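Because the Cβ atoms are built from the backbone with ideal geometry, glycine has one as well, and the counts that use them run over all protein chains shown. Nothing in this text is a laboratory measurement; each read-out follows from the coordinates by a stated rule.
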Amino acid sequence: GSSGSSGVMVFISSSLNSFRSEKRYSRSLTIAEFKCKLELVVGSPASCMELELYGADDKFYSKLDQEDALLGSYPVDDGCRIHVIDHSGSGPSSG
């Protein structure tokens, strides 16, 4: 245990995965860092994969390009959807 335990529930997705996943991340997690996480979610490189902030009825809003930004400054919230765009691809190689 340690001081610090809170974040925002977002629905992470990926063209690789059929349905969306249920993960959590602090609003202080820099976009750059945030991806570092997805790296384990999509299993792909965060330096390749892209993030997307979709509204409710899957309605893209903005892109999480800003790496020096903190997860929150954007029009997101615990319940939004984070569609991870697998830029890596993968298929024959690796797998």
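Going through segment 39-66 one residue at a time, which ones are surrounded by fewer than 11 Cβ atoms within 10 Å (Cβ to Cβ) and either in contact (Cβ under 8 Å) with a residue 24 or more places away in the chain or hydrophobic (A, V, I, L, M, F, W, C) (or both)?
Within segment 39-66, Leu40, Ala56, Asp65 qualify.
Answer yes if at least one residue in segment 67-86 is touching a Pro at 6+ places or on another chain (Cβ under 6 Å) and either surrounded by 15 or more Cβ atoms within 10 Å (Cβ to Cβ) or without any contact (Cβ under 8 Å) to a residue 40 or more places away in the chain (or both), and no otherwise.
No, segment 67-86 has no match at all.
Go through segment 22-36 residue by residue and tally those that are assigned to a helix (DSSP H, G or I), surrounded by 15 or more Cβ atoms within 10 Å (Cβ to Cβ) and not charged (D, E, K, R).
2
Give me the pairs: first residue in segment 1-25 and touching a residue at least 24 places away in the same chain (Cβ under 8 Å) and of a type in the set (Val, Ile, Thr), second residue assigned to a strand (DSSP E or B) and surrounded by fewer than 10 Cβ atoms within 10 Å (Cβ to Cβ), beta-carbon distance under 8 Å, and six or more apart or on different chains, which are they?
Once the first residue is touching a residue at least 24 places away in the same chain (Cβ under 8 Å) and of a type in the set (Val, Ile, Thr) and sits in segment 1-25, its partners that are assigned to a strand (DSSP E or B) and surrounded by fewer than 10 Cβ atoms within 10 Å (Cβ to Cβ) give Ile12/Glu22.
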